[PDB]
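Down below is the structure, laid out as structure tokens.
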Amino acid sequence: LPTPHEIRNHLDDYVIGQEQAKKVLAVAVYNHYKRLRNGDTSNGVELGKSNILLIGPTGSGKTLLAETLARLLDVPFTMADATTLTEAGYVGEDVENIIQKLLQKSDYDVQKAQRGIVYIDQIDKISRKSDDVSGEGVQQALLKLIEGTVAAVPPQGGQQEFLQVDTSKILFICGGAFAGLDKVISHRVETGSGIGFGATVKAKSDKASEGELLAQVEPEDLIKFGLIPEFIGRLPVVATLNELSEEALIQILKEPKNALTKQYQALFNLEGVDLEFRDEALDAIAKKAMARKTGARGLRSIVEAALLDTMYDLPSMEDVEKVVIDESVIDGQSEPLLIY
Amino acid sequence: XXXXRXXX
Amino acid sequence: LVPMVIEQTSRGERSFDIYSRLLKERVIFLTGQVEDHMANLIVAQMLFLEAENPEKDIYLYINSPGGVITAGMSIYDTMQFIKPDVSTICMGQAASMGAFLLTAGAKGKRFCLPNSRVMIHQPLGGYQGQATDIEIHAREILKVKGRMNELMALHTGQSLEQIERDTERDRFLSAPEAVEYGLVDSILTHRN
Amino acid sequence: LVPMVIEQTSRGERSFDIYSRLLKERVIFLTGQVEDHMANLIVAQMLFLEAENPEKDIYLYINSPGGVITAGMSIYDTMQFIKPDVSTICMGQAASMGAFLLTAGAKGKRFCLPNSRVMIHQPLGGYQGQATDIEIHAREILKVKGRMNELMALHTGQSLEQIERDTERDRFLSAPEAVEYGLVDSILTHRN
Amino acid sequence: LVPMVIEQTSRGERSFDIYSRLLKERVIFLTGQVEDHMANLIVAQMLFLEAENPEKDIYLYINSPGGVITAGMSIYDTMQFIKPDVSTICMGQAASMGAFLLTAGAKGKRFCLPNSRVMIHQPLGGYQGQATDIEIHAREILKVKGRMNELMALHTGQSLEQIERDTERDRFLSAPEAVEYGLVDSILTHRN
Ligand SMILES: Nc1ncnc2c1ncn2[C@@H]1O[C@H](COP(=O)(O)OP(=O)(O)O)[C@@H](O)[C@H]1O
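Residue numbers (the entry's author numbering), protein chains in the order written: chain F, 64 to 194, 201 to 227, 232 to 413; chain S, 1 to 8; chain N, 2 to 193; chain H, 2 to 193; chain I, 2 to 193.
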């Protein structure tokens with residue numbers, strides 16, 4: 064029922080700074096579900112599936128795009144991690160666990176779990192080591214899984234029976250971050266440099282965005298990284314997040330309706346007290362976030378640690394209608410101003 | 001009951 | 002002794018010598034006197050980079066007091082034959098033959114350090130034997146001197162008459178003077 | 002012989018030479034006489050560290066009785082070109098050229114050991130030949146002496162006239178005097 | 002040739018040279034004449050052990066007929082700078098500079114073998130040139146002699162006047178006499 068323009072606005076409401084990624088997932092999910100409604104009633108039969116492969120920095124909202132999508136789409140969603148995954152029978156894990164995880168959302172799905180979505184994290188960790202149960206071997210097992218098959222699944226765990238569930242219909246989104254991939258593509262496309270005199274040094278570590286280089290990424294470069302070309306062939310769609318920005322972090326706390334700044338504002342509305350967050354206080358949070366190399370994920374630690382004293386003393390305090398936060402308070406050398 | 005899981 | 006370094010790659014860790022690591026980035030080092038063995042080693046490096054990629058610029062750092070002429074001309078002809086632009090940089094000193102390979106680099110990609118020094122003079126030689134043989138070796142070295150001046154004028158842009166007068170004796174040229182002389186294009190004072 | 006060490010890492014165990022281990026931490030060793038081969042080796046080390054990290058300070062330990070001037074000037078220009086601050090430390094002795102690379106380090110990051118010793122004098126040379134050639138080589142070494150004194154004043158902060166009088170003959174400077182002379186910033190007596 | 006040994010560990014078997022195996026246990030060997038190359042190698046070993054553990058004692062075995070003074074003073078300042086106590090042992094012989102590094106060890110952790118021998122004399126030097134230059138090098142070596150006697154008294158506890166008289170000429174000291182002289186603490190006759 065939805066359209067790419069309608070879903071783009073909803074995605075924009077919760078995600079920002081990633082414009083190309085919205086159009087990729089919009090048209091992909093749009094055409095993916097179109098195939099489910101129409102099925103194979105048309106002349107064309109066995110409509111092939113189009114998988115999605117995301118590559119971007121850490122904490123760049125890759126998981127948020129899949130989580131926010133499940134809320135509007137309403138289909139079941141799961142967040143699997145490939146770090147634990149092992150090669151067909153070892154101590155760490157087996158691929159079978161992933162299949163049950165999706166069913167676990169509703170625990171009863173015959174013609175409903177086929178339309179679900181799955182997310183994978185840390186895909187680069189299984190890169191083929193060339194010096201294996203961690204490397205290439207793991208990829209070979211996922212080939213048949215993504216291509217579509219049926220796995221026996223005890224519904225609810227229990232009957233003397235097992236249920237069959239198709240997986241061709243089920244779309245997969247392999248999310249992950251490929252660190253060091255800039256050097257591989259730089260020598261191939263832009264320039265061989267970084268070590269020589271005339272060669273450009275990596276001066277623009279944070280001055281310029283590496284993202285632009287990632288836009289020119291191709292599957293051939295992924296082969297040198299360690300992945301199998303056969304594995305990448307199953308995921309023709311490609312999404313590339315560029316970077317995270319300091320001004321974006323200020324917008325992340327103001328433009329999204331679910332911003333953390335707005336949660337505290339609503340907390341005190343019922344209490345009958347006003348809340349404020351000046352622009353001079355948000356810019357400081359951006360510096361501390363980049364300092365810990367964590368992105369937006371390491372944001373609540375800075376906010377909750379600063380407002381621990383104010384929140385603890387707010388019920389005790391009386392005749393206080395407004396709260397003002399300053400940049401000095403974020404550093405910890407000052408106490409927030411209170412207005413009666 | 002009892003799981004005998006070992007890997008070489 | 003040569004220090005060993007580790008190049009972090011996705012496939013795994015690999016150990017390289019300091020000279021081999023820079024070779025991977027299309028960088029060659031010209032150190033010491035120019036001889037038949039040292040010259041033949043640099044030629045193999047250029048050819049190896051040509052096959053890997055013929056469209057990426059090569060960087061040649063030169064720090065040498067010069068040497069044999071025939072050993073140096075093999076490098077010059079190679080740089081002109083191959084398609085990639087061989088960028089040249091002068092570190093420390095550039096003698097007669099070191100200066101000829103410096104100016105022979107691709108136009109616009111020649112640099113000299115702020116404190117580098119270039120020296121140019123005429124070919125040196127000698128012979129012992131009959132008078133008939135001395136005349137033969139004298140005519141040969143005269144052709145080389147004339148040939149080396151013709152090419153020097155071609156890349157430096159000066160006239161052949163000027164190169165003949167300036168190369169009669171040793172002539173030192175500072176880094177600023179080399180730019181004005183057409184020998185180089187600019188100076189790499191700081192990294193911008 | 003060079004002892005081998007083991008660097009415990011998450012991936013596994015790796016064996017390194019003592020000189021290569023310190024190179025991983027942005028540390029370079031300058032030992033013995035300064036020549037074209039030893040000087041060209043240190044330059045490759047600095048560039049390798051620049052690419053790995055351009056924002057981390059580099060440490061250069063110098064223990065050398067000096068050597069060729071042209072070989073040493075290639076290192077000085079490199080330290081100024083690259084963005085990272087090249088910290089210099091004097092161990093044992095620092096001759097004319099070793100002292101020039103010592104003071105050329107980043108301001109505020111220059112140290113001298115409590116018992117180290119620095120020595121400075123004028124450039125040495127010589128020539129044999131016709132009188133016309135002696136005049137050429139004499140003018141060249143005179144420019145270097147003037148150029149080396151100009152740069153010494155820039156980093157030490159002293160006046161050019163003072164460097165000329167102090168560099169006429171050999172002058173030894175103890176560790177305390179080097180601080181008073183602007184050559185270094187402090188002394189690393191103990192680890193705090 | 003250096004024999005290879007196998008260090009049995011839980012992870013697996015590893016092959017080490019005899020000198021590298023002892024380095025893992027904070028043991029450094031000082032063999033032969035003290036020069037700039039041999040001295041600069043030991044300094045890197047001490048720093049490597051400092052990072053691995055700053056609270057474990059280091060053992061330094063010295064068997065050397067002495068050598069250059071400036072090369073030896075780099076080691077002395079390093080032992081005093083680092084926090085760990087550098088234990089010193091004399092094997093075979095300890096000359097003028099070998100004796101200065103021997104007594105410079107941590108107090109109470111200095112030993113001498115029952116048949117070892119220590120020798121001390123004044124600094125050696127020489128110069129050839131103008132009379133003005135001889136006076137400069139003479140004043141410098143005189144400062145070193147005075148400085149070396151001051152530090153010798155500090156660790157040995159004797160007075161500066163006594164060290165001056167005893168170091169005027171070669172003086173051999175047996176192992177028992179060294180204890181009475183404050184140079185060492187005890188003798189490691191047998192293992193108890
Ligand atoms: N545009 C955005 N607006 C609000 N929060 C964001 C945005 N982008 C990222 N985040 C934050 O990042 C976190 C998710 O990071 P994630 O995408 O899982 O990292 P990775 O890309 O390494 O998987 C969420 O907690 C979310 O609050």
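C-beta: ideal position from N, C-alpha, C; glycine also.
For F:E320, the closest C-alpha among the options F:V346, F:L132, F:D347, F:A369 is that of F:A369. Cβ-Cβ distances below 8 Å link I:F173 to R118, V119, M120 in the same chain, with the five nearest sequence neighbours on each side left out; the list follows chain order. Contact between N:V35 and N:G73 holds, with the beta-carbon distance rounding to 5 Å and staying under 8 Å.
Sorting H:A96, H:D37, H:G99, H:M80 by C-alpha distance to the C-alpha of H:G106 places H:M80 at the top. DSSP places N:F49 in the helix class (H, G or I) of the three-state scheme. Contact annotation: in the segment 60 to 91 of chain I, residues whose CB is within less than 7 Å of a CB in chain H are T71, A72, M74, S75, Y77, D78, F82, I83, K84. Under the rule that a run must span 4 or more residues, the alpha helix (DSSP H) segments found entirely inside the segment 105 to 185 of chain I read 132 to 157, 161 to 167, 176 to 181. Taking 9 Å as the cut-off, the beta carbon of F:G204 is found no closer than this to the beta carbon of N:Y60. Taken atom to atom, the span from the alpha-carbon of S:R5 to that of F:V154 is near 8 Å. Using a 10 angstroms sphere on the CB of N:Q94, the tally of other CB atoms reaches 16 or more, which defines it as buried.
According to the DSSP assignment, N:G93 belongs to the beta strand (DSSP E) that extends over 87 to 95.
Among the CB atoms of chain H, none fall inside 9 Å of the CB of F:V202.
Between N:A52 and N:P85, the alpha-carbon positions lie close to 11 Å from each other. The Cβ atoms of F:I189 and F:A145 lie closer than 9 Å to each other.
The beta-carbon of N:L48 is placed no less than 9 Å from the nearest beta-carbon of chain F. Contact with chain H is absent for I:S11, since none of that chain's Cβ atoms lies less than 9 Å from the residue's Cβ.
Around the beta carbon of F:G227, a 10 Å sphere encloses fewer than 16 other beta carbons of the protein chains shown; the residue is thus reported as exposed.
In the three-state reduction of the DSSP assignment, N:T79 falls in the helix class. Within the model, the alpha-carbon separation for F:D76 versus F:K330 is close to 7 Å.
Put simply, of F:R98, F:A378, F:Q406 the residue whose alpha carbon is nearest the alpha carbon of F:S241 is F:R98. Three or more Cβ pairs drawn from the segment 389 to 401 of chain F and the segment 334 to 347 of chain F lie within less than 8 Å of each other, which places the two stretches in contact. Judged by their CB atoms, N:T89 and N:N64 are not nearer to each other than the 9 Å cut-off.
In this structure, N:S175 is the residue among N:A40, N:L42, N:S175 with its C-alpha nearest to the C-alpha of N:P115. Contact annotation: the segment 351 to 358 of chain F touches the segment 310 to 325 of chain F, with at least three C-beta pairs closer than 8 Å. The straight-line gap separating the alpha-carbon atoms of F:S278 and I:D186 is approximately 57 Å. I:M5: member of the beta strand (DSSP E) spanning 5 to 9, first to last residue.
N:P115 reaches chain H at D78, counting residues in chain order whose Cβ is nearer than 7 Å. Counting only residues of its own chain and dropping the five nearest sequence neighbours on each side, H:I135 has a CB closer than 6 Å to the CB of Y128.
Not a single C-beta of chain H is nearer than 9 Å to the C-beta of I:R111.
F:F350 sits in coil when the DSSP states are folded into three classes, being neither helix nor strand. Contacts between F:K275 and chain H, judged by CB atoms closer than 8 Å, involve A52, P55 in chain order.
Here DSSP, grouped into helix, strand and coil, assigns F:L314 to coil. Shown here, I:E14 sits in a strand according to DSSP, grouped into three states. Counting other Cβ atoms within 10 Å of its Cβ, H:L103 reaches 16 or more and is therefore classed as buried. Shortest gap from the CB of F:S318 to any heavy atom of ligand 1: 8 Å or more. Excluding five sequence positions before and after F:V202, the CB atoms of its chain that fall closer than 6 Å to its own CB belong to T149, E150, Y153, given in chain order.
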